[PDB]
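S.K.: Starting off with a structure, shown below.
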Number of protein chains: 12
Amino acid sequence: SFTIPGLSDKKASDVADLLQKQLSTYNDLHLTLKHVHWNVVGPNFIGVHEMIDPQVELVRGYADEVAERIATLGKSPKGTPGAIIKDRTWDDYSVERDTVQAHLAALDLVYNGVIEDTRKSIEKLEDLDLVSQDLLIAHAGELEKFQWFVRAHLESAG
Amino acid sequence: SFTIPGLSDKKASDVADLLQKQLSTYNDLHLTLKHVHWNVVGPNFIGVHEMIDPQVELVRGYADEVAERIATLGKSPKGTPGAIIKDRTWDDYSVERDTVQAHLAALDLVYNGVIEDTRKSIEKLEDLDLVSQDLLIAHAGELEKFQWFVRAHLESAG
Amino acid sequence: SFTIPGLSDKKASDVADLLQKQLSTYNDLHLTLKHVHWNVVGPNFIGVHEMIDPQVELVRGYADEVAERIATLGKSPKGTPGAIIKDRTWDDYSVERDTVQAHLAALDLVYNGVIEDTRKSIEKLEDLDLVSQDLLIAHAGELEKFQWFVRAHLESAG
Amino acid sequence: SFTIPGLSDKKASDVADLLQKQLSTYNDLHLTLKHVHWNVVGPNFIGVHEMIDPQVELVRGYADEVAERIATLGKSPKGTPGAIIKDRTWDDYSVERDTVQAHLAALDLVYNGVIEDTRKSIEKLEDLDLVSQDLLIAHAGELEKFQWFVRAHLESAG
Amino acid sequence: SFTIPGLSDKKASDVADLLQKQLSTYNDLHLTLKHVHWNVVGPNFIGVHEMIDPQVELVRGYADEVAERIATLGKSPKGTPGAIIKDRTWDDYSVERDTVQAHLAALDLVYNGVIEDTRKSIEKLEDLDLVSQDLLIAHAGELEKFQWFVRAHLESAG
Amino acid sequence: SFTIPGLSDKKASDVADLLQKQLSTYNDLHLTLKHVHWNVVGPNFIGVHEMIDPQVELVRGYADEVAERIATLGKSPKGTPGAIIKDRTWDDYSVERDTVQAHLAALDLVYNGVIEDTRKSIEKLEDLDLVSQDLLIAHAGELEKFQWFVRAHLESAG
Amino acid sequence: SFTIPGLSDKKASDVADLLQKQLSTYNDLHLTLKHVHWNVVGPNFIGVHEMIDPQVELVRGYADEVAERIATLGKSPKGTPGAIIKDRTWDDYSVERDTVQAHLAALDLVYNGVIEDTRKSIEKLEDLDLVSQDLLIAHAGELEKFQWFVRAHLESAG
Amino acid sequence: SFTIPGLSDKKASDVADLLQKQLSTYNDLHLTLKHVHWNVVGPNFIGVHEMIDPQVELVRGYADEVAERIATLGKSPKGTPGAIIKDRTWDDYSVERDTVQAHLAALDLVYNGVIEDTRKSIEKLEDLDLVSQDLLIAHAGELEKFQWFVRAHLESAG
Amino acid sequence: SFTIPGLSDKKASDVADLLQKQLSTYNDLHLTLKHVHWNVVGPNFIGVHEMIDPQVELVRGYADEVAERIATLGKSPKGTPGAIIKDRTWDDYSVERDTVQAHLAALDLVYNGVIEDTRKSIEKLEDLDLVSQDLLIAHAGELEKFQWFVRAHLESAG
Amino acid sequence: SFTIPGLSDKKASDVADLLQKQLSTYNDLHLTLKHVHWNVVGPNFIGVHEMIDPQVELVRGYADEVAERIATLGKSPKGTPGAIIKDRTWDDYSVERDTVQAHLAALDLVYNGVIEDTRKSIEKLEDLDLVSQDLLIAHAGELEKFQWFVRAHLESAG
Amino acid sequence: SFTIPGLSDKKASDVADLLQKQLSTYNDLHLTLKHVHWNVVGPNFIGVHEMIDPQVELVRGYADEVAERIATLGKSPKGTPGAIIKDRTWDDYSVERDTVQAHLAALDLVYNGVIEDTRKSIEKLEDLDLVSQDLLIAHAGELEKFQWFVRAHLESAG
Amino acid sequence: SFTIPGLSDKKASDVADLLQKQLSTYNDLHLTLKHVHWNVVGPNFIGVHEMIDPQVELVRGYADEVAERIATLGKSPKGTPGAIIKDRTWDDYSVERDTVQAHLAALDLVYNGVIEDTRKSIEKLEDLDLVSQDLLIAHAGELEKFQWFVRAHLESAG
Ligand SMILES: [Fe+3]
Ligand SMILES: [Fe+3]
Ligand SMILES: [Fe+3]
Ligand SMILES: [Fe+3]
Ligand SMILES: [Fe+3]
Ligand SMILES: [Fe+3]
Ligand SMILES: [Fe+3]
Ligand SMILES: [Fe+3]
Ligand SMILES: [Fe+3]
Ligand SMILES: [Fe+3]
Ligand SMILES: [Fe+3]
Ligand SMILES: [Fe+3]
């Protein structure tokens, strides 16, 4: 029944609730990333196929980071196939084996919903815990950037 | 509509169906592993906590391996939070934050069901595809071994 | 008689005074960490013994970081056995050779006083220098986390 | 006039004859791989160009492996430009500088004939030498997989 | 015509304009750094000569960082010798081959103008995009620190 | 007022003048390379995007090399945004965010003017300084090669 | 009183008995290898002397591997100087300091008895446990290969 | 019939006799170490299990060291399962699979007999060969230290 | 229908023709090297066996180098088992499994014809392309050197 | 209530008392080293600044070494800010931010008092424990050496 | 009585004579370099002291290179303290322990005589052996460059 | 006019005189080692050729070690081709290009005179400086050992 020295047992628990969501969000994300890492096919196959691994090994990186943070706060992280399917507010990636274009486009949107939920979770944190914030921010930086990669693959002449 | 040169489009598809199951099995496993990696607590905490990461980075290693194998065969791997919750025949890890003992014991059983399902999938493969077999075997070796680690933490004087 | 281009010679000096405290705090901490790294004994000895080195090589890491920051500001860091025993507001670790439990519990508290003093120093910095803040924050993240490690070694069934 | 303790001087010699074929097969393969590594051109050039080196450094890896195995058996490996052009049952890669598509498609077939000849050589080995089998199998795993890479570059919407 | 999910197409474009400036600032800086890396001469030559490379390989590091961030936002980074000479509000380093003292002193000032422009750009960002802020801050930390190095080479007895 | 033991103070100064040009040429090149590294977009994005970094970290490599050579000769290298915009005889890259094709084609030409100016500078050096030649040659090898990469991305069926 | 999920407590114990023998076999082998690593002398000394270390660091590698496997099965590995001298069916290496030729020839035979005992143990395992087989096979591959090395040092013109 | 230039053919042979003993002592030790590395079981299993490998890879390190030293002296090292069982004056480790406590305690004693025999061999060497002494000393340092590790696992409140 | 900016479409094609020969020469060489790497036997076996790999991993290094150079020029490299057996003007290595002496001597000659053909190709290049020269030269340095190694194995008292 | 097998519980305790002093001596030293690492300023700043880190990471290296040695003996190491300020017989470094010359000179003396106290502690040990001696000696070698570095910065023409 | 295939037994022997001189030149140089590496003293001591090692480990690098080249040619390299003192045409470094300035100035001249003798040996080689030329050139590049380092330590305001 | 705190200005100078000799001894040694590294020829060439480099890079290692020690003491190391030819009491290696046997035998003796001179210098040091002793001892260990290597190449059947 402990907690970080400097946080009201209430603010603390509200942050937890926030991350627990982020965590399930990442677990879906990184599992989905690997999903496309497998079912992508096209002329510029390798390019993308390989481009995903890092973003994956990275998102999973944000999982241990967030969870290990939750436990630190006092609450107990949940990362079983169950907990995830519950906390999420979407339908798992609908694409099977398809073209590069297909996935990237679909992925574009997945990140939209991930960057958005994050941003909100950040702004909401500036009043709760600043630490758990610099943390979430950092992720945004790479999440948003990676998205760019996805997107740069779909543009026209400008 | 291709396939490995030397496999009947039927034997090939039957192997696929087999791995697709294994894959979902691993995804649960490795996600669950990380789950305990987070909610374990006790006197000999670190010991276990750290002991899990490798088995994890390893099981996820068997995921890319199996899936990338399925696609090679012709069928299309499915590794979304959805596909997994469906192909599985159990209830995701029921333990929240608990003692070392607790998890390890619980994990003991999880591996039972994983090693068993595997063994059977191996024997069943000796008639289908020998390659997709040496593959599944290798895993058993480490899966089984790791279990031992878990178990060695629960024994008595002999 | 210089200073960072953008800081009033007063705000600058007030930040210095703040870090100079943090610095002595770390020096005690990391010297103390190594202290227990030596006098710990018990059944799960190695676990802890080894678990400490990183947190140590890390806190000493925050020493060079903070001090090199102070000098940058204009004031002069003080890190002799003297300066530390003075800036501190506690009694150096009272434990000699004792059980794992003993130290970890005692250490739990030491970190309380370190995370607390830090948190306050952060909030107090948002008006002074934002840079010297992202800096202090970052540390909190790992300081707080490590504490968790210590703590996870002391819990019950929930 | 020696041989592995446990193999009839006849079974031994029959395995040799088998590998000696595999070896020349690899030598053609890896030399051919590098061939396209050079004459590929197109929009997604780099992707493929670079994708080939590893499969090459790998096939050449299977050369030393096989040959050093043959010598172990008692017979004498032959790997001169001559020996290869003789043991082979095909016409060296007919493509000069051409598109990505071109080579990959052409390569698809080359691997067909390599995976096929291998598979048969495996099944034929289960009665001769089990060791020289796990060996050939392993290769199949990567050979077959790489082919997939080639192929994934040629598919449609499903 | 896209943008980060959570930023008004206006706030987004205003941040871009801000970085685009920073970027040209860095390009001048790092090109200038290397400039002195070449024309420095004196008794304690090596010391400085070598001290610069890291700060260089680092500033160029902040270039890719900032620009790849701008593109992510939607606008298009400009980093040609042209774009830079335009966005800047100073006269390129006036020193040719000269003493250590000479450059360092001159460099002192260059950093003044870089840290200042940065600080302002940070404060101005707290209302626009927090992500693009933690980013700029981080740089300040090292920029400011390095300056210290330069400066520590010019002091008296206190 | 020194110089390499074996070079007439005149030949020496004429070589300097030659490199000083090369240097500014590289600085434009490498800055431009990074420019496209940022504004490229298309289906085979990653491929190219990543393909550029090495050639960049390499050209910047030829910068330190050439300049540090000039200083060795006696003259003083100039590598400020200024010096470059002056010594050059072209208009900085005209392409903003555009397709892969676009840039590569445009880049094709940029290298034309760089390999040409180089070649000439080599032939002209065989009478001046042989050392400063093997140096320039080496670069040609990689410069020319990289161009090939660019080009291989633009070809037809032969 | 546990065992791998899928093995009859009898088959399991029969495999154990098999490995326990292998293990003592390796321990003798690797201890013996080092023995010659020390007492070899001749014109081509270094060659051999150094050639042995890897095969050694490797056989000891098969020790931990086998034993850790036995424990996994349920029985208890025995690897004391005692257990070994008992399970073995030969007389420890009779050679003291002697020529290169001497040892290698003698070693030739030692490997005969090791590869033979292994082969049999493999064939005998195809009915018991397939895992504990791929394991023993793999070793054969390198054991047999190394022998070749030994042997290649003793041949004539063909 | 040679010897180190500076040692009486008698002193030399007496040192040899001394090391030859040490060597067999180590071989038992390191073989025994691995023995427990396998049969240890308990709650804090991993801790110890892993703690042993280094001390092992280390003692085996002192084997090559000592033996290669003996050969240097002129006599011929003996390191076969035989030689060891003879030179030793004890009964090989009596513990099978048992608790952590069990082994460590038992191991405690084993090291007693190893550090003791060593110490004496050192003092006895100060008159014979100083080199072969700094050598034996060094080992003591780590041997004794490791023992401490074992021991720290068995203590009470002081 | 392109070419290096600075080479007459004729000089360029004449250089190509020259390398294309060198390339086939290397392919034979490195394939032959590995050939002896396998069939060498004798007292000082290891010495040579291992001495070859580097020279091999090196000549294959000169293959990619030369070919990738040819393509750069405009012509299309040919490196199939076919192309090689044609461009060559000798009979592939006639030695099967034989002594160390045998091969080395035979190899001595092979290098004679490779160094000679090279030297000529160099002198012939000083008028064509200087770049494609420094390249060929470099190789000679190591080719010639390695030969020495071969040779040093065959000498008498002087 | 244990101790190294071969040391009288009295000699053992007398050695402890000796090291415990050394330890506090090092802790001051290394903390002081870092102190100057921060407050040094001058023309040849970097030179020294960087020259200190290694000696620091080294002295701290001698801390863990000594302490871990004390515990091995039986007594309990003390390394809190307290214990140190007590065991020492001097006044912590009196220099704040000053010139290079200043510190180095001051440091010269500090090492005098450290090398002296050490030397004496060595001679005094030759009768107590030889192991704890080779240990202290080794340090002297580097301590004394580093001093030289300090000193070489203060000399005249001879 | 052999020689590189393409060199007249006379041209070959004349090149040898040339290198044999270079070699003794380097041996003096690198031995001398280390000489100053030891006897340098001053305020900016470390800077230089450390600056020399690389140039040393590099010149010794040119020794093995040249000699191993001579042997390749047919003649026999001579690198004993004797051979060197003979082939040289100067008096070994006259400086004992002195200031930084002292040595560097003195060294300046030493390199003059080394770069000069080299340059001449290069020009003289363009008619003999081109290979043994690119080799000597390369060295010049770094020799000359390093000299610059030495020199940059002695200049004034321009 | 300084010296290690604890050494009489006389004892100190007598040690210096001792090392200064050792140093010249090493310089001859390591220069000579490389000498044979070049002129060795025979059937088992490579073996030895390569066996020497390490002992060389090692002896040169003992050079910097000893010299940097002398300077520490107060006197000034001398390591020019001159100083060496003077301090030595032998005739530089008399062997030109010869057989493996030749050199090794010759080298055998060289080491005799080096190990002997060393041993004596050690015994003589036990009364002067213990530090400068552990130092010299250490070397003996490897010097003596390496000799063994040389020697093991010359023995008979026992
Ligand atoms: Fe973790
Ligand atoms: Fe993958
Ligand atoms: Fe620092
Ligand atoms: Fe091989
Ligand atoms: Fe980038
Ligand atoms: Fe540079
Ligand atoms: Fe193990
Ligand atoms: Fe060894
Ligand atoms: Fe390539
Ligand atoms: Fe430690
Ligand atoms: Fe060499
Ligand atoms: Fe040194």
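Ordered as shown in the structure tokens, chains take letters A, B, and onward, while each chain numbers its residues from 1 and ligands are numbered from 1 in the order shown.
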Can you give chain K as a CSV table (one decimal) with C-alpha atoms, in the first residue's frame after you superpose it on chain E, pairing all C-alpha atoms in order for the least-squares fit?
M.R.:
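Written out: result-v7.csv:
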chain,number,residue,atom,x,y,z
K,1,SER,CA,-1.6,18.1,-46.7
K,2,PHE,CA,-1.4,16.2,-43.4
K,3,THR,CA,-0.3,16.9,-39.9
K,4,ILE,CA,0.2,15.4,-36.4
K,5,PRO,CA,-3.2,14.3,-34.9
K,6,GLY,CA,-3.7,16.9,-32.2
K,7,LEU,CA,-2.2,20.1,-33.7
K,8,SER,CA,-4.1,22.9,-35.4
K,9,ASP,CA,-2.8,23.3,-39.0
K,10,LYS,CA,-1.8,26.8,-37.8
K,11,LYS,CA,0.0,25.9,-34.6
K,12,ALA,CA,1.8,23.2,-36.6
K,13,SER,CA,2.9,25.6,-39.3
K,14,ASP,CA,4.2,28.1,-36.7
K,15,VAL,CA,6.3,25.5,-35.0
K,16,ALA,CA,7.8,24.5,-38.4
K,17,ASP,CA,8.8,28.1,-39.1
K,18,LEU,CA,10.5,28.0,-35.8
K,19,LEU,CA,12.6,24.9,-36.3
K,20,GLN,CA,13.4,25.8,-39.9
K,21,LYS,CA,15.3,28.7,-38.3
K,22,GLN,CA,17.0,26.4,-35.7
K,23,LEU,CA,18.0,24.1,-38.4
K,24,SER,CA,19.8,26.7,-40.4
K,25,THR,CA,21.3,27.9,-37.2
K,26,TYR,CA,22.8,24.4,-36.5
K,27,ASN,CA,24.0,24.0,-40.1
K,28,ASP,CA,26.0,27.2,-39.7
K,29,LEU,CA,27.2,26.2,-36.3
K,30,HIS,CA,28.4,22.7,-37.1
K,31,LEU,CA,29.9,23.9,-40.4
K,32,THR,CA,31.7,26.7,-38.4
K,33,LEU,CA,32.8,24.3,-35.7
K,34,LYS,CA,34.6,22.2,-38.3
K,35,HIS,CA,36.0,25.4,-39.6
K,36,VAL,CA,37.9,26.1,-36.4
K,37,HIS,CA,38.6,22.4,-36.0
K,38,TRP,CA,40.9,23.2,-39.0
K,39,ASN,CA,42.3,26.7,-38.5
K,40,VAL,CA,43.2,26.4,-34.8
K,41,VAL,CA,46.9,26.6,-33.9
K,42,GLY,CA,48.8,27.1,-30.7
K,43,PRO,CA,50.6,25.4,-27.8
K,44,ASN,CA,47.7,23.4,-26.6
K,45,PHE,CA,46.5,22.7,-30.1
K,46,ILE,CA,45.4,19.0,-30.0
K,47,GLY,CA,43.4,19.6,-26.8
K,48,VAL,CA,41.0,21.9,-28.5
K,49,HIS,CA,41.2,20.4,-32.1
K,50,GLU,CA,40.0,17.1,-30.8
K,51,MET,CA,37.6,18.6,-28.3
K,52,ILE,CA,35.5,19.9,-31.2
K,53,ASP,CA,34.8,16.8,-33.3
K,54,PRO,CA,32.2,15.4,-30.8
K,55,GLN,CA,30.3,18.7,-30.5
K,56,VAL,CA,30.2,18.7,-34.3
K,57,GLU,CA,29.1,15.1,-34.8
K,58,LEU,CA,26.5,16.1,-32.2
K,59,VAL,CA,25.2,19.3,-33.7
K,60,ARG,CA,24.9,17.6,-37.1
K,61,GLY,CA,23.0,15.1,-35.0
K,62,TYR,CA,20.6,17.8,-34.0
K,63,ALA,CA,20.2,18.7,-37.7
K,64,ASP,CA,18.7,15.4,-38.9
K,65,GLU,CA,16.7,15.4,-35.7
K,66,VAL,CA,15.1,18.8,-36.2
K,67,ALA,CA,14.6,18.5,-40.0
K,68,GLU,CA,13.2,15.0,-39.8
K,69,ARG,CA,10.8,16.6,-37.2
K,70,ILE,CA,9.8,19.4,-39.5
K,71,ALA,CA,8.9,17.0,-42.4
K,72,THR,CA,6.9,15.1,-39.8
K,73,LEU,CA,4.8,18.2,-39.1
K,74,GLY,CA,4.0,18.8,-42.8
K,75,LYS,CA,6.2,21.6,-44.0
K,76,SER,CA,9.3,20.9,-46.0
K,77,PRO,CA,12.8,21.4,-44.4
K,78,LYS,CA,15.4,23.5,-46.3
K,79,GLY,CA,19.0,22.7,-45.8
K,80,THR,CA,20.9,23.8,-48.9
K,81,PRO,CA,23.9,26.3,-48.6
K,82,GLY,CA,21.3,28.7,-49.9
K,83,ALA,CA,18.4,28.3,-47.4
K,84,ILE,CA,21.0,28.7,-44.5
K,85,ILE,CA,22.7,31.9,-45.7
K,86,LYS,CA,19.1,33.4,-45.8
K,87,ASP,CA,17.5,32.3,-42.6
K,88,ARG,CA,20.5,33.4,-40.6
K,89,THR,CA,20.9,36.8,-38.9
K,90,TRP,CA,24.7,37.1,-38.6
K,91,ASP,CA,28.0,37.1,-40.5
K,92,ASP,CA,29.8,33.7,-40.9
K,93,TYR,CA,32.8,33.2,-38.6
K,94,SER,CA,35.4,35.9,-39.4
K,95,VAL,CA,38.4,34.0,-38.1
K,96,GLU,CA,41.0,32.4,-40.4
K,97,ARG,CA,43.9,30.5,-39.1
K,98,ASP,CA,44.5,31.9,-35.6
K,99,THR,CA,45.4,31.0,-32.0
K,100,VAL,CA,43.4,28.7,-29.8
K,101,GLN,CA,42.4,31.6,-27.6
K,102,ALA,CA,41.2,33.6,-30.6
K,103,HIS,CA,38.7,31.0,-31.9
K,104,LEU,CA,37.4,29.9,-28.5
K,105,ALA,CA,36.7,33.5,-27.5
K,106,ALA,CA,35.0,34.0,-30.9
K,107,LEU,CA,33.2,30.8,-30.6
K,108,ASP,CA,32.0,31.8,-27.1
K,109,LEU,CA,29.9,34.5,-28.7
K,110,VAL,CA,28.6,32.3,-31.4
K,111,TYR,CA,27.2,30.0,-28.8
K,112,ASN,CA,25.7,33.0,-27.0
K,113,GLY,CA,23.6,33.7,-30.0
K,114,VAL,CA,22.7,30.1,-30.4
K,115,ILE,CA,21.7,29.4,-26.9
K,116,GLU,CA,19.8,32.6,-26.7
K,117,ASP,CA,17.8,32.0,-29.9
K,118,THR,CA,17.1,28.5,-28.6
K,119,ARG,CA,15.9,29.5,-25.1
K,120,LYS,CA,13.5,31.9,-26.7
K,121,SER,CA,12.3,29.3,-29.1
K,122,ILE,CA,11.7,27.0,-26.2
K,123,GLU,CA,9.6,29.3,-24.0
K,124,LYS,CA,7.7,30.2,-27.2
K,125,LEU,CA,7.0,26.5,-27.7
K,126,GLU,CA,5.4,25.7,-24.3
K,127,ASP,CA,2.1,26.9,-25.8
K,128,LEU,CA,2.5,25.3,-29.3
K,129,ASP,CA,3.9,21.8,-29.1
K,130,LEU,CA,5.3,20.2,-26.0
K,131,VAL,CA,7.1,17.4,-27.9
K,132,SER,CA,9.0,19.8,-30.2
K,133,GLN,CA,10.0,21.3,-26.9
K,134,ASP,CA,11.5,18.5,-24.8
K,135,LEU,CA,13.4,18.1,-28.1
K,136,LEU,CA,14.8,21.7,-28.2
K,137,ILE,CA,15.5,21.6,-24.4
K,138,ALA,CA,17.6,18.5,-24.6
K,139,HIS,CA,19.9,20.3,-27.1
K,140,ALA,CA,20.3,23.3,-24.9
K,141,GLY,CA,21.7,21.0,-22.2
K,142,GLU,CA,24.6,20.0,-24.3
K,143,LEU,CA,24.9,23.2,-26.3
K,144,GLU,CA,25.2,25.2,-23.0
K,145,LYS,CA,27.6,22.6,-21.5
K,146,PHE,CA,29.9,22.6,-24.5
K,147,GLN,CA,30.0,26.3,-24.3
K,148,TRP,CA,31.3,25.9,-20.8
K,149,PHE,CA,34.2,23.8,-22.2
K,150,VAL,CA,35.0,26.7,-24.6
K,151,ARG,CA,34.8,29.1,-21.7
K,152,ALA,CA,36.7,27.2,-19.1
K,153,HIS,CA,39.6,27.7,-21.6
K,154,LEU,CA,39.5,31.5,-21.1
K,155,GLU,CA,39.2,32.1,-17.4
K,156,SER,CA,41.5,33.7,-14.8
K,157,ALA,CA,42.0,32.8,-11.1
K,158,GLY,CA,38.2,32.9,-10.4
S.K.: Pick out each residue of chain D that DSSP on the backbone tags as alpha helix (DSSP H); I need them as a ChimeraX atom specification.
M.R.: /D:9-39,45-73,81-87,100-125,131-152
S.K.: Write down as a PyMOL selection string the residues belonging to region 7-158 of chain G that are assigned strand (DSSP E) by DSSP computed on the backbone.
M.R.: chain G and resi 40-41+98-99
